[PDB]
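Novice: Can you read through this structure? Questions will come right after.
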Number of protein chains: 2
Amino acid sequence: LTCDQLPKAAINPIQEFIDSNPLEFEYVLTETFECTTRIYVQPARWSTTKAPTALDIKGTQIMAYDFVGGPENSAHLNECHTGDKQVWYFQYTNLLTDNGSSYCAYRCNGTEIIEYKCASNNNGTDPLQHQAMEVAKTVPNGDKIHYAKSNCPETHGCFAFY
Amino acid sequence: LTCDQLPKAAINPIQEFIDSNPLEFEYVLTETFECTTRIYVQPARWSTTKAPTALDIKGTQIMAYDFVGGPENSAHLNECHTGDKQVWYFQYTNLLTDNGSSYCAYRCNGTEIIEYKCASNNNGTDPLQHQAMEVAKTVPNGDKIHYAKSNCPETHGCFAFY
Ligand SMILES: *[C@@H]1O[C@H](CO)[C@@H](O)[C@H](O)[C@H]1NC(C)=O
Ligand SMILES: *[C@@H]1O[C@H](CO)[C@@H](O)[C@H](O)[C@H]1NC(C)=O
Ligand SMILES: *[C@@H]1O[C@H](CO)[C@@H](O)[C@H](O)[C@H]1NC(C)=O
Ligand SMILES: *[C@@H]1O[C@H](CO)[C@@H](O)[C@H](O)[C@H]1NC(C)=O
């Protein structure tokens, strides 16, 4: 199996993601998105693209990306500080269940995987999530995929921020 | 007029704030919240306080505060990185109108004002907002209140983030 052959799952309407806030990552590829919270935001009233935004928040640092739909269930992200483009797909989503929400998303470079983000608001207890992670690790460079919360900083009274 | 005598307006239910996302500050007191976007987040499924969170996002930096209600329409904030406490009130709110949402909030130390945050998603066009700012500037230390967006960094394709 190669990264281009992974499933490209249907994307839930944006409000379903917003209603899942806040999420934390359970499995990631590089160190970048360890100990990170995901927040979805609807488009600004003054946005001329009317693209929603994904926020990746790691302590007191934040990466924001406006995103729009592309072909074959892709998300086309524009990183808001640089204007750099990223193309993402979902292996699966399972939002707004009786046990909360999860999904696994990935970014390829051709046949290899270069980033991975499995998110949930149920502490990774959706059996689909572990299952998806085990499939993603089988594509080239998927050996890097690892648990995202092994050594996160101590909290100071909040639950999704530190 | 002193800061303790400013109005302490009714607080809209949290979902009305969430539905106003994203907001930007129009008037602030210190330099801290210049060029800053406000995002409200519902409590995490795993939060034992079930407090919502306010996010103040300034470029790639973020301050998060879980907050709960206190006496006399106060918001009691817990800054998520330090555990430091802040007590806030609203001069007014005007959320989810046909021209969007605005509010002005403040933080006193006794008779003086120490921080001010007027937010909107309509570029400060709610006449209540300019009016509230003109009242707040009359309390001790209100002379510091100023326009929040005079010199913000260039955007790179997004609208509420940079
Ligand atoms: C994929 O890798 C190649 C080789 O380094 C690079 O030129 C390209 O920009 C990368 N990203 C893609 C195709 O999104
Ligand atoms: C979340 O899952 C991790 C890993 O299994 C575990 O160590 C932790 O106790 C869980 N947290 C809760 C609140 O159940
Ligand atoms: C108000 O100012 C006094 C004097 O510096 C300080 O001790 C106190 O902690 C400040 N903050 C309050 C009352 O919230
Ligand atoms: C927002 O208001 C400022 C100050 O009046 C103005 O310079 C700017 O052009 C306004 N933006 C829009 C999109 O109307």
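Novice: If amide H atoms are built 1.01 Å from N in the plane of the peptide, which residues on other chains or at least 5 residues away come under 5 Å of the amide H of B:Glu26?
Specialist: B:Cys118, B:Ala119, B:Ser120
Novice: Step through the residues of region B:36-47 one at a time and calculate ³J(HN,Hα) from phi using the Karplus curve (6.51 cos²θ - 1.76 cosθ + 1.60, θ = phi - 60°), rounding each to whole Hz and writing x for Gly and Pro.
Specialist: Going residue by residue, I get 10, 9, 10, 10, 9, 10, 5, x, 4, 4, 9, 6 Hz, with x marking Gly and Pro.
Novice: Net charge near A:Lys149, counting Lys/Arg +1 and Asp/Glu -1 over other residues with Cβ under 15 Å of its Cβ?
Specialist: Spelling it out: positives minus negatives among the neighbours equals -3.
Novice: With a Förster radius of 41 Å, plug the Cβ-Cβ distance of B:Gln86 and A:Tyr147 into 1/(1 + (r/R0)^6) and report the FRET value to the nearest 0.05. Let's see the in-between values first.
Specialist: Working: r = 34 Å, r/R0 = 0.84.
Rounded to the nearest 0.05, the efficiency is 0.75.
Novice: What are the ³J(HN,Hα) values, in whole Hz, obtained from phi via the Karplus relation 6.51 cos²θ - 1.76 cosθ + 1.60 with θ = phi - 60°, for each residue of region A:54-59 in sequence order, with x given for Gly and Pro?
Specialist: Calculated HN-Hα couplings, in order: 9, 10, 10, 10, 10, x Hz.
Novice: Test of understanding: extend the Cα→C-beta vector of A:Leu96 to 7 Å, then name every residue of region A:1-29 with backbone N under 20 Å from that spot.
Specialist: A:9-24
Novice: Let me ask something else about it. Which residues does a label at B:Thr155 reach in region A:45-62, if reach means a backbone N under 15 Å from a point 7 Å past the Cα toward the Cβ?
Specialist: What the label zone holds, given the 15 Å backbone N cut-off, is A:45-54.
Novice: Moving on. Between A:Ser102 and residues 5 or more places away or on another chain, which pairs have amide H atoms under 5 Å apart, with H built 1.01 Å from N, and which residues are they?
Specialist: A:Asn94, A:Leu95, A:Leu96
Novice: Per DSSP H run of at least 4 residues, take -39500 (n - 2.57); add these up for chain A, divide by its residues and hand me the 222 nm value, nearest 500 deg cm²/dmol. List each step's numbers first, then the result.
Specialist: Numbers: 2 runs with 15 residues, N = 162.
Calculated at 222 nm, the ellipticity per residue is -2500 deg cm²/dmol.
Novice: Sticking with this one: Calculate one ³J(HN,Hα) per residue across region A:15-27 by plugging θ = phi - 60° into the Karplus curve 6.51 cos²θ - 1.76 cosθ + 1.60, and present them in order as whole Hz with x for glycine and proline.
Specialist: 4, 5, 5, 4, 5, 8, 4, x, 10, 10, 6, 9, 10
Novice: Output needed: percent of Cα pairs per 10 Å distance bin for chain A, bins running from 0 to the one holding the longest distance.
Specialist: 11, 41, 38, 9, 0
Novice: Mind giving me the FRET efficiency for B:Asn123 and B:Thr60? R0 is 35 Å, r the Cβ-Cβ distance, nearest 0.05 is fine. Write down the numbers at each step before the final one.
Specialist: Numbers: r = 23 Å, r/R0 = 0.66.
Efficiency, rounded to the nearest 0.05: 0.90.
Novice: Measure of size requested: the Rg and Dmax of region A:89-162, with Cα atoms as the atom set and Å as the unit; please supply both.
Specialist: Answer for region A:89-162, Rg first and Dmax second: 13.7, 43 Å.
Novice: Can you pull out the GluC sites (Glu not before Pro) in region A:1-108 whose DSSP state is coil and whose Cβ has at most 12 other Cβ atoms within 10 Å? Can you show the working numbers first?
Specialist: Numbers: sites: A:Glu16, A:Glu24, A:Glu26, A:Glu31, A:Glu34, A:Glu72, A:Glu79; in loops: A:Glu31, A:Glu34.
Qualifying residues, ordered by number: A:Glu31.
Novice: Considering amide H positions built from the backbone, and no H for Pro or chain starts, which residues 5 or more places from B:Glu115, or on another chain, come under 5 Å of its amide H?
Specialist: Correct list: B:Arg107.
Novice: Test of understanding: in a Gaussian network model of chain B with alpha carbons linked when under 10 Å, which of B:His146, B:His81, B:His130 would top the mean-square fluctuation ranking?
Specialist: B:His81
Novice: Using a 10 angstrom cutoff on alpha carbons, build the Gaussian network for chain B and name the most mobile of B:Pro127, B:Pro52, B:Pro71.
Specialist: With Cα springs under 10 Å in chain B, the top fluctuation among B:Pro127, B:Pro52, B:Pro71 is at B:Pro71.
Novice: If you bin every alpha carbon distance in the protein assembly as shown into 20 Å steps from zero, what whole percent lands in each bin?
Specialist: 32, 54, 14, 0
Novice: With a point put 7 Å past each Cα toward its Cβ, work out how far B:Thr111 is from B:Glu134 in nm, to one decimal.
Specialist: Simple spin-label model gives 2.5 nm for this pair.
Novice: Take chain B, connect every pair of alpha-carbon atoms lying under 10 Å apart with a spring to form a Gaussian network, then pick out the residue of B:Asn109, B:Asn73, B:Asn123 with the largest mean-square fluctuation.
Specialist: Top of the fluctuation ranking is B:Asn109.
Novice: With the dipole of region B:20-127 worked out from charges on the C-beta (+1 for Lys and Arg, -1 for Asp and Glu) around the Cα centre, which of B:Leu29, B:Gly59, B:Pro43 lies farthest toward the positive end?
Specialist: Among B:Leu29, B:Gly59, B:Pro43, the one farthest towards the positive end of the dipole of region B:20-127 is B:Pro43.
Note that we place each Cβ from the backbone using ideal geometry, even for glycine, and neighbour counts take in every protein chain shown. Computed from the coordinates by the stated procedures, all read-outs in this text should not be read as laboratory data.
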